Amino acid sequence: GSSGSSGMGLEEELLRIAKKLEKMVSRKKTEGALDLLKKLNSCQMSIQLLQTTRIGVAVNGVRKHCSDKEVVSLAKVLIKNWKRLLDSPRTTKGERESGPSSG
C-alpha cells in the first residue's frame, strides 16, 4: 500500500515477524527473536490470524530452537496467551472449589 506505517494492519506486521522468525529457525540462528516476540506480545493476535500469520508455529519453532529464558519466556507467553486466543477444541479437566460467595 501507501508508504508509511500508521493505521490498521497488524496482520501484516505479524506475518512479517513470523517470516523473520521462521527464517531464523530455518537458518538456525535466532538472534533477534526477543524483538520479534516482543512485538508479537504487543500485537493483537487472533485465531483467524493465528492461521494466516501461523506465528503460533513460528514462536514454538524458536522456543524449541532456543533454550534461552527471555527469548523462550516471551515465546511461552505467546503460546499461553495464544492458548486462550486459539484455545483449540480439546478436552481437559481441572477445578478448584466451584462455589462463588461462600460465607
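Residues numbered from 1 in each chain as written, not as in the entry; some residues may be left out. Heavy atoms only, no water.

- You'll find the chain entered in the PDB entry as Transcription elongation factor S-II protein 3, with Mus musculus given as the organism.
- Per the PDB record, the entry is named "Solution structure of the N-terminal Domain I of mouse transcription elongation factor S-II protein 3".

## Examining the state of the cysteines
Item 1. Following the criterion strictly, the structure yields zero disulfides and no others.
Item 2. Looking at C43, it has no disulfide partner, and the nearest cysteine sulfur is the one in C66, 19 Å off.
Item 3. Under the relative-accessibility criterion, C43 is labelled buried at 5%. (Disulfide = S-S within 2.5 Å. Buried < 20%, exposed > 50% of the residue type's maximum accessible area, 1.4 Å probe, protein only.)

## A short note on a positive patch on the surface
Item 1. A surface patch of like charges, here positive, comprises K20, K23, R27 and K29.
Item 2. Looking at the secondary structure, you find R27 in the loop between α1 (11-26) and α2 (33-41). (Patch = residues over 30% accessible without salt bridge, like charges linked within 9 Å, V, L, I, M, F, W, Y side chains within 5 Å. Areas by Shrake-Rupley, 256 points an atom, 1.4 Å probe, with all protein chains shown as cover. Salt bridge = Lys/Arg side-chain N within 4 Å of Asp/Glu carboxyl O. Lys, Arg positive; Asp, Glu negative; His and termini not counted. Charge placed at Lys NZ, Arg CZ, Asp CG, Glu CD. Helix = DSSP H or I, 4+ residues; strand = E, 2+ residues; numbered from the N terminus.)

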